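To start, the structure under review is shown below, and the notes come after it.
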Amino acid sequence: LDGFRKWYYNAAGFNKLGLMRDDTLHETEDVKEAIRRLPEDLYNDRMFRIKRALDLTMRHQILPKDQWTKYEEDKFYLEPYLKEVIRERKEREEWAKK
Amino acid sequence: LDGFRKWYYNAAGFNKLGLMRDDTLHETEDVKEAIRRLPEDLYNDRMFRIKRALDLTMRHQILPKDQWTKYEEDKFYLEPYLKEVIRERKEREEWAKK
Amino acid sequence: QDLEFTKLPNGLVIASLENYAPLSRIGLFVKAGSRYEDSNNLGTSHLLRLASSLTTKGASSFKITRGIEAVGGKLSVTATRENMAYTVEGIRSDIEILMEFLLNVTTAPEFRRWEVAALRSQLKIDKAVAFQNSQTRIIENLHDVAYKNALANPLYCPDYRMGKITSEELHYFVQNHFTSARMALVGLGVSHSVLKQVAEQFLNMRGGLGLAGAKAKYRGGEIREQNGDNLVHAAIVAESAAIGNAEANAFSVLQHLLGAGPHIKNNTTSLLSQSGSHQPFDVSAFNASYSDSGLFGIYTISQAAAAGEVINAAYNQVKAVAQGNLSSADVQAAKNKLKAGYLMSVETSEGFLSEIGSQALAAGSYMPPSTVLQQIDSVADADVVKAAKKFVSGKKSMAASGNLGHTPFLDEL
Amino acid sequence: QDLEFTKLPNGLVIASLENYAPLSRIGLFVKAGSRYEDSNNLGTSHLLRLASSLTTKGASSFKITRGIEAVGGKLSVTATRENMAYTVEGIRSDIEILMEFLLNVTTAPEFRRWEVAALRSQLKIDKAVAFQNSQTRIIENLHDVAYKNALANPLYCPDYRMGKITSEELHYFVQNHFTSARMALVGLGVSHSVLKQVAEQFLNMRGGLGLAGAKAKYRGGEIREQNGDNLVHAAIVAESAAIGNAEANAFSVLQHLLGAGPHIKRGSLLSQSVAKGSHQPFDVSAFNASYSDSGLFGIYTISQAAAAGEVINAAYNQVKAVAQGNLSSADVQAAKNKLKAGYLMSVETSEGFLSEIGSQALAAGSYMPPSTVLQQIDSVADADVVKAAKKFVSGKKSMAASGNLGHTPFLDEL
Amino acid sequence: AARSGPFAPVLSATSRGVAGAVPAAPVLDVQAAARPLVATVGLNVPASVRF
Numbered sequence: 014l015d016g017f018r019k020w021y022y023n024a025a026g027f028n029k030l031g032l033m034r035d036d037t038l039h040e041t042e043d044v045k046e047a048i049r050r051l052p053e054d055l056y057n058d059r060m061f062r063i064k065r066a067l068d069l070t071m072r073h074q075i076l077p078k079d080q081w082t083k084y085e086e087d088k089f090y091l092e093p094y095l096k097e098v099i100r101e102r103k104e105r106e107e108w109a110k111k
Numbered sequence: 014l015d016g017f018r019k020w021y022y023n024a025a026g027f028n029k030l031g032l033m034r035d036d037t038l039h040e041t042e043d044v045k046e047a048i049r050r051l052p053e054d055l056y057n058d059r060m061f062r063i064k065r066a067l068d069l070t071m072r073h074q075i076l077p078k079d080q081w082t083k084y085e086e087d088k089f090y091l092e093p094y095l096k097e098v099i100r101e102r103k104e105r106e107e108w109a110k111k
Numbered sequence: 036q037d038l039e040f041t042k043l044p045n046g047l048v049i050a051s052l053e054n055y056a057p058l059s060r061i062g063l064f065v066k067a068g069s070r071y072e073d074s075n076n077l078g079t080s081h082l083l084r085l086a087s088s089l090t091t092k093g094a095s096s097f098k099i100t101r102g103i104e105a106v107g108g109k110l111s112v113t114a115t116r117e118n119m120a121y122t123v124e125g126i127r128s129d130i131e132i133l134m135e136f137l138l139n140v141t142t143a144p145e146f147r148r149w150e151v152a153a154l155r156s157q158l159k160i161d162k163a164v165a166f167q168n169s170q171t172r173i174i175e176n177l178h179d180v181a182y183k184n185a186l187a188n189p190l191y192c193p194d195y196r197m198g199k200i201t202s203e204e205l206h207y208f209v210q211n212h213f214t215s216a217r218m219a220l221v222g223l224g225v226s227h228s229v230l231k232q233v234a235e236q237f238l239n240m241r242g243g244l245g246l247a248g249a250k251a252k253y254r255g256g257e258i259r260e261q262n263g264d265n266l267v268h269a270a271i272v273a274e275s276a277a278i279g280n281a282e283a284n285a286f287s288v289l290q291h292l293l294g295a296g297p298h299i300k303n304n305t306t307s308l309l310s311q312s316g317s318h319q320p321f322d323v324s325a326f327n328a329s330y331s332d333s334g335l336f337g338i339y340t341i342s343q344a345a346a347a348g349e350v351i352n353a354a355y356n357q358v359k360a361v362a363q364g365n366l367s368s369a370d371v372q373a374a375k376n377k378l379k380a381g382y383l384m385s386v387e388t389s390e391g392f393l394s395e396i397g398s399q400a401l402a403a404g405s406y407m408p409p410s411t412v413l414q415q416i417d418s419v420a421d422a423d424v425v426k427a428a429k430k431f432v433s434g435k436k437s438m439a440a441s442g443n444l445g446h447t448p449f450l451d452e453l
Numbered sequence: 036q037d038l039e040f041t042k043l044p045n046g047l048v049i050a051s052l053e054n055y056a057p058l059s060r061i062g063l064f065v066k067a068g069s070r071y072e073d074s075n076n077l078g079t080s081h082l083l084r085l086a087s088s089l090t091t092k093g094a095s096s097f098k099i100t101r102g103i104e105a106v107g108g109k110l111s112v113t114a115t116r117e118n119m120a121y122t123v124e125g126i127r128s129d130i131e132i133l134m135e136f137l138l139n140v141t142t143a144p145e146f147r148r149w150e151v152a153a154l155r156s157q158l159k160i161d162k163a164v165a166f167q168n169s170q171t172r173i174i175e176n177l178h179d180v181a182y183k184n185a186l187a188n189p190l191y192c193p194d195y196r197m198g199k200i201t202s203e204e205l206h207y208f209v210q211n212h213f214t215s216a217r218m219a220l221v222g223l224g225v226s227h228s229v230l231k232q233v234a235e236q237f238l239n240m241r242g243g244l245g246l247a248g249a250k251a252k253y254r255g256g257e258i259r260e261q262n263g264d265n266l267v268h269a270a271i272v273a274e275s276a277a278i279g280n281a282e283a284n285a286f287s288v289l290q291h292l293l294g295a296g297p298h299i300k301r302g307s308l309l310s311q312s313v314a315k316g317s318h319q320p321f322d323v324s325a326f327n328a329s330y331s332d333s334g335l336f337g338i339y340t341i342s343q344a345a346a347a348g349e350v351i352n353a354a355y356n357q358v359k360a361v362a363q364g365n366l367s368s369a370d371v372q373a374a375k376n377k378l379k380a381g382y383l384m385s386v387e388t389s390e391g392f393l394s395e396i397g398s399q400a401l402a403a404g405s406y407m408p409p410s411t412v413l414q415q416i417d418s419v420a421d422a423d424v425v426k427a428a429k430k431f432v433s434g435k436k437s438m439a440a441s442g443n444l445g446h447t448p449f450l451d452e453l
Numbered sequence: 005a006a007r008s009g010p011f012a013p014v015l016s017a018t019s020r021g022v023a032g033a034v035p036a037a041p042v043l044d045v058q059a060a061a062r063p064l065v066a067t068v069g070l071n072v073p074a075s076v077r078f
């Protein structure tokens, strides 16, 4: 399962643009709240990575293979911050339900 | 000529609706400038006068005769200022031709 | 019955009174005022005071707000330069979760950075609302010119420090001043046992004595700020006794002799107020005593023009009291005014809870209202005179604001 | 052509020098600084300084601005706490209309209310630009804590007074301080005669002595501004000599002995006394500001907040050594050479020469040839310097501090 | 002048008149005296000044 997940990570292809996994999340309301709660350095790296991926998609290029994002290396930075947004979101929802 | 004037005055009617000559000057660029320069009191007064007129027109009604303006009472509040706006305006213009 | 005060072995004071009130109040008192900051973390206590509804380790923000409003209870934070007090009140059937919320807020905050970044604008708004009146600004200026290090720190955050207070400063302040030896948990309308039992779930984390605060040093100085207000709010104070010293009382009797604000909704209500008078002006005596130092002086509001001699007249009246020119009936009336003010201050429930709280942190003991009455009586005429001479001689500190073209200086005063 | 200083009967002090220069310069000097206001019209001189391009009785704002820029000339206003100076400069063939514009601005303003209402936002912008650096705020704070009434008034308008300064206050200030007995018209590159003709068509109508200002009173004190800057700025001064005494020359020799700016790029008894104990970056100098009734002399320090204390102490200790006679005659001779070279390089430029003549005019009504001064500075002698020092080390001090002041000492500790 | 040394532009101000930039240099719903300040704030109750 670990090797097949690495193969699927190579087949997804966002590592060839230098992106992380959390860069590829669709910005819903909860995702934008989690992005707003990021520290300044992580937010700046995320915006630069997104801008570089957009430039590479503009020129129809990819990064060199040494510059790709290694599956093992990818960091799920937004995840911790996101869970909270969802948790808080649900708590609020439940309160209203009841 | 006063007879003529006073007569025309009553004929114009701006008096009936409690409005001095100045109150009835179209707001061209220059007039607008002078209006701004107006000391606040005259401005606020001007406004009530105009607002009042509007209300009366709404009801297709005129003020009680007594309240009507008087050819003599009518003061030109903006005239002194307007001239300046025009003077300054012209000066800038001639200088343009220089 | 009466209050009960067990001192726990980690230093926490527990005080309880069960009077079977329908609404019961529970407060927690910490020696963590603005005097414990230095020049590197100014305004941290203001953000800590405004950060009482932030997601705590135990409870998320939503709950800490929706749960207090669900039972209709109230959570408030009152802060002096020495002490902070977090108070909750509500129906007896909901004070268990009210103590859960309050003790979570006191003991286990999280101080998330996005929450404090949202709170700094509220800090600016709260400071503007607080400085909408001239007294607050002139008392903050008076403390800033009167003291050097400790009590000179403002209750409200400075303008440059907004945007600069971090989560680490709040965490450091809480970890260095919210320890069990500086805390008293006081409950009116609750059983002592539960307070003891709610003192174990929390208030057990930090058992230290906290990072003690520097000794406050007097500096003197007069600051005048032209602000335009037709009224020259001027406060002239000097160093006075600490809370504990016997001299303290003497200074309280001295302000009630000189005038402590009007008692009617406005004349001949003060030696000061009496001292000629043909204009609209307010004159009172100011006294603020903290556990190491005190400020006593005069406070004047007047028309800018007369601002001078009115201040002089008020000053001259105190000099008369410094020369022994007083009557025993006046001192007896001052004592009656002071003791009636104390009894009406403790007649309300939140004032009673604050008093017990303060006494706890200050002396660890409860002083029955009765005891005080006889101690105030202890103050005698000469004692009052003495405190006066202290003010009349000690270096003065002057905070002035308004159109100060005719406001005198300290070397002229 | 030595300045033909001449005092017209009214009081105007006309002075001129036909240097046959390509670009001339004509200035007019009025004793109407910020010291002549009181608590009711604070900041009026700032709006008067910024209101030089307003509509006058004789030329509109458009005509003044487009006519000065049409010939490429320059109109500027420089203001101290005592004096205001309106200066125009341009080609000799256009200085007739330049004097028309300048004398209209000085003598016959209109001060229309919509123009000053538009100018108050520029007043706020100018104050923010001026207080962008720490030295300006700390000197304004130092004057405010040092004096009681006259010289304590700020050069820049207070925040509450913006939106409150009216046309009537400007008219009252002009009518009470812009009179002929307080004015000198100084022209480099012009004939003296023309100055006089323009001095009769203008500058002769307002001829009272005007409104006399109050005597400045010293108070002492210390005002501190905790604002979290990287560097602590601190000025500690005391009362000193006024304009018109030899003790002012002694105090000028004393600041050039203690240190009055680097002669070399990137780099003084003070500087030596600080640098022998502190390896942090610093900047210690001597401050002297003397006005016609009173003067301030002291030390100015910029340092890291942490060392701010002992550095200040070290600087103070150095002055105490000078108060104990611990000085050498070669050091005083070098200080005199530095002071006289600074004076000659200050008057070597045309606008500095015009300002100097102007100041001398208003101050003493006479022109003092650069040479004369040189021998008077020489008059100052070693003991004299020591004397001024003891005045500083004894007189009550006034302290303005700003920065992270957790380790900045107080006056009773200093 | 002579006195200016290196503090001239500080004791003097010069408007340009005619010949870093300014860095972009609220309203809240609106006596007695001398009772030491004790600011209070609450979760529900609005904050207040006890001057």
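Chains as they are written, first to last, in the authors' numbering: chain AF, 14 to 111; chain Af, 14 to 111; chain Ab, 36 to 300, 303 to 312, 316 to 453; chain AB, 36 to 302, 307 to 453; chain AI, 5 to 23, 32 to 37, 41 to 45, 58 to 78. For each residue, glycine too, the CB sits at the ideal point set by N, CA and C.
Chain AB within 8 Å of residue i, Cβ atoms only
i, result
"AI/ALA74", "no"
"Ab/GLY198", "no"
Separation of residue j from residue i, as counted between CA atoms
i, j, result
"AI/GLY21", "AB/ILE341", "32 Å"
"Af/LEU32", "Af/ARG49", "18 Å"
"AB/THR41", "AB/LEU223", "14 Å"
"Ab/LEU453", "Ab/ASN352", "7 Å"
Assigned secondary structure, residue i (DSSP; H/G/I helix, E/B strand, else coil)
i, result
"AB/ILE258", "strand"
"AB/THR100", "helix"
"AB/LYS377", "helix"
"AB/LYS42", "strand"
"AI/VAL22", "strand"
"AB/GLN311", "helix"
"AF/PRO93", "helix"
Residue-level contact to chain Ab via CB, residue i, 8 Å cutoff
i, result
"AF/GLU42", "no"
"AF/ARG34", "no"
"AF/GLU106", "no"
"AI/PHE11", "no"
"AF/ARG49", "yes"
"AB/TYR382", "no"
Contact with chain AI by residue i, beta-carbon distance below 8 Å
i, result
"Ab/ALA105", "no"
"AB/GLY296", "yes"
Beta carbon proximity, residue i to chain AF, threshold 8 Å
i, result
"residue 302 of chain Ab", "No coordinates exist for residue 302 of chain Ab in the structure shown, because the numbering of chain Ab passes directly from 300 to 303."
"Ab/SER88", "no"
"Ab/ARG60", "no"
Any non-hydrogen atom of the ligand PLP within 7 Å of residue i CB
i, result
"Ab/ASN265", "As for the ligand PLP, it is missing from this structure, which has no ligand bound."
Handout entry: Near-chain Ab residues of the region 229-240 of chain AB (beta-carbon distance less than 7 Å), N- to C-terminal order
Key = none
Exercise for the section: For the region 72-101 of chain AF, enumerate the residues whose C-beta is nearer than 7 Å to any C-beta of chain Ab, in chain order. Expected result: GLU101
Exercise for the section: Anything in the region 406-421 of chain Ab with a Cβ closer than 7 Å to a Cβ of chain AB? List those residues in chain order, please. Expected result: none
Exercise for the section: Please name the residues in the region 71-98 of chain AB whose beta-carbon is closer than 8 Å to at least one beta-carbon of chain Af, in chain order. Expected result: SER95, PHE97 and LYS98
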